[PDB]
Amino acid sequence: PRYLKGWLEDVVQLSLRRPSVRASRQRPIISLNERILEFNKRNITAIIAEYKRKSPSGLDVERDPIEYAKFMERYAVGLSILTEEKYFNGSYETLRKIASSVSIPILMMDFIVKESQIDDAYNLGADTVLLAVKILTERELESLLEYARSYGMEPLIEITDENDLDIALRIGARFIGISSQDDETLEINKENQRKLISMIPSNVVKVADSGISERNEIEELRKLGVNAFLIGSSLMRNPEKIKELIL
C-alpha cells in the first residue's frame, strides 16, 4: 500500500494481517455495474444500499443485517457490505449471511490491500469489490483490478480528487466511485466532487457517495451523468426512506 498517516494507516495495517477464508461460492456473479446500466435503461433510480453498523464519522447503530438486506432486495440496485472490523464493526460472517439470503448484486466494502482479500470476497459471495486509489500504489491498483477482473468482477475504483482520476483512467478503470469524503482526513467537499464528475469519460459507469439523505441531491447528481448512488447512514437509520428516494 502507499505510506499513509493516522487512522487510515492503522486500518491498512489491520488489513495486511487479515485472515483469509475458505469456502466454495454457491452462487453466481451477479454483476453490479450491468444492473446499474439496466436501471438506467428503465429510468429506475439506482441506489446501492450500504449496510454498516459503524463509521469513523460517528454513525453507531445496531440492526439485523439479514432483515435489512431483505428489505433492500426489493428496491436497491445492489448492496454495499462493510467488512472492515475495527472502524466499521463489519465482518465476513455479516457478508456471508447477507450473500446467502438475497440475489441482488453485492459489493464488499473494505480496505483491500492484498489478493487474499479479493479471494475473501469471492468465497463469501460478494459479486465485486471497492478499490481505493488512495491506499494503493499504481502497480498494486492495476494488478488488483486485473485480479478482481479474473474472477469476472468489475471492481469499483474510488477517486476523491483529480490526480486519483488520472491514475484510475490510466490503470483501465470502467467503474468509478466518486467520494465527497476524503478518507485520510474526513474533509467533506461536495463542489470538488461535482467538478471531478464532469471529467470522467462518458464510457465509465459512475457511482457517487456524499452523505445522501435527500431526493433533490440525487436528482442534481443524476443531471451531471452519475449512474448510481451509494447511500449508507440515512438508510441505516430509516431504511424505508429508500422508497421516497427511488420515486
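One-based numbering along the sequence shown.
> Got a sec? Mean C-alpha B-factor, which is higher, 188 to 196 or 44 to 52?
If you average the C-alpha B-factors of 44 to 52 and of 188 to 196, the larger mean comes out for 188 to 196.
> Taking the recorded C-alpha temperature factors, which stretch has the higher mean, 32 to 40 or 211 to 219?
Result: 211 to 219.
> Of the options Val205, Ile66, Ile178, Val61, which has the highest CA B factor as deposited?
Reading the PDB entry, the winner on C-alpha B-factor is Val61.
> Within this chain, which third does the Cα B-factor at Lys114 fall in: lowest, middle or highest?
Ranked within chain, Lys114 CA B lands in the lowest tercile.
> C-alpha B factor of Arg174, ranked within the chain: lowest, middle or highest third?
According to the entry, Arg174 has a C-alpha B-factor in the chain's lowest third.
> Going by the entry, which third of its chain does the Cα temperature factor of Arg149 land in?
Within its chain, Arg149 is a lowest-third residue by C-alpha B-factor, going by the deposited values.
> Please place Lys134 in the lowest, middle or highest third of its chain according to the CA B-factor in the PDB entry.
Lowest third, going by the recorded CA B-factors of the chain.
> Classify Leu224 as lowest, middle or highest third according to the C-alpha B-factor given in the PDB entry, relative to its own chain.
It belongs to the highest third of the chain when residues are ordered by C-alpha B-factor.
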